[PDB]
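Quick setup: one chain, the form deposited in one PDB entry, written in structure tokens, and binding and motion questions come after.
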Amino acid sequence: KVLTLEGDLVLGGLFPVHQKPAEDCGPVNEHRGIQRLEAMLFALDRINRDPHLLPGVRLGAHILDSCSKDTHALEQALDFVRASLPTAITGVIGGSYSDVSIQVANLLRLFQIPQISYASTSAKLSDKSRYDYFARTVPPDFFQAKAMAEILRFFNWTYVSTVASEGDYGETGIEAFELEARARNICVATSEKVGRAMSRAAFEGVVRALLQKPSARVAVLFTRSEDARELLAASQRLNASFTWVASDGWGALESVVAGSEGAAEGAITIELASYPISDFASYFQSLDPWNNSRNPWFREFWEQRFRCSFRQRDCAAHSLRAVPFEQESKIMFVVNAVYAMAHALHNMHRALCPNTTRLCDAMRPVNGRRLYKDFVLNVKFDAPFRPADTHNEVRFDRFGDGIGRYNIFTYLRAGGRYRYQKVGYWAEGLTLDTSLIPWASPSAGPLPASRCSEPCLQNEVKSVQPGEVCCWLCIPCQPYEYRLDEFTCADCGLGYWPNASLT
């Protein structure tokens, strides 16, 4: 099964239609697969009826299933390229998973095929020596580490402990954080990692490790949802008071804060900022297995979601209408990637084919290099189906990374039941309404400020510790010594004595 829609230019598409033994393909991914695949189809449908976006050129599709596996994505992604090894794939919209996009980016570069991922967030994909044909509507997770460092440097939380989940996400994220911390003069009290299958009592060890240096109340979490939950419970179980500053791993999930509400309180969490797209909800909820023949996996998905069968007769009776619709996090990015391609091709067409709306000879075939370098990257448009309020834009930096805009959430105790409130955002600079954070807003006691050392006295000079540069002991100058610097005393002589003001 492969999805093929006839068009003048054809877009390839990659979605993890199935989850990952001899089986590359398991259950239907009803949200990251079916919902996002249907969103690309939805976008094409609209582009194809839009008179300002390629009126003459009809966009086709050749959609493939990655099966949430790089190797299965590559076998499939061969379809895209054999069209040059007689209509070709003009550009690929896809890779949900980063490993999936890296695999497909390594193949498409050899055929100058532009590619826009709508979910691959690996910092690795920003390397244009490797991925020169790759852009993404979603920004790398290394941007949320920059924002985290900006939060601590604002609250002046200089001595902080850091926790990272074992993987590409945890390791690369925390590394970018430490780098942004060092340039903002923030010291890592204790670096910590959290492996895959760590036991209930194992995660409790990590809490005692962070408490070994108890002067740092701020814990910077760059963990996966699974770890951020198990660590929060091992913090509550041992009853540990921590000022969490977490990544979108934790995000604004009611799932992460389970039973450990009081322990999670005051936590600052970052979460990639999206909105539900208009019209897709009713597009999707109106899909039925009889009329949606074009999507080969729709009948497969139907039987899954409603737990019915074609032979069992009671299958058509259901509708995606009866079940309340929850629009997948990255739907917005899918549709922006499809429009970023539709626009790039449109602008290229406006430049190469000025005497016709028809696809001219200068674009038969499309030079993918000219398409990626001169049109995909230079795209700048008002995001399609954006909320009526917003003036949300679609553009890419030099490396094709999405323009990184995130939401900041604090954990609150509503008068009782515990919730998350958006306190600020990170556009290209941190912004946050401090009156919306409870441990700041009423000036109810001093800030939770985490520092290893408090400042030295008048008669004291701060002697720094050979290790960490943010730590010092308060050593006093001899009575025959005055305070020259703030880390150095000096002899007054032989007959001379220091001034009552350490001068």
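Note that the rigid core is defined as the largest set of C-alphas that superpose within 1.5 Å between two forms. All residue numbers refer to positions in the sequence shown, first residue = 1.
Only in words, not in the display: the form deposited in another entry, which the text now covers.
With the core fitted between this form and the one not shown, just one of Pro114, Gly95, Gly249, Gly402 shows a Cα displacement of at least 2 Å, namely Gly249.
When two forms of a protein are overlaid on their rigid core, residues whose CA moves 2 Å or more are considered shifted, and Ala322 is not one of them between this form and the one not shown.
Core-superposed comparison between this form and the one not shown: CA of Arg217 displaced by 2 Å or more. In the core-superposed comparison between this form and the one not shown, the C-alpha atom of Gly26 has shifted by less than 2 angstroms.
Relative to the shown form, the Cα atoms of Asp382 and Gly429 move together by 3 Å or more in that other deposited form. The Cα-Cα distance between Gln327 and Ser225 is lengthened by 3 Å or more in that other deposited form relative to the form shown here.
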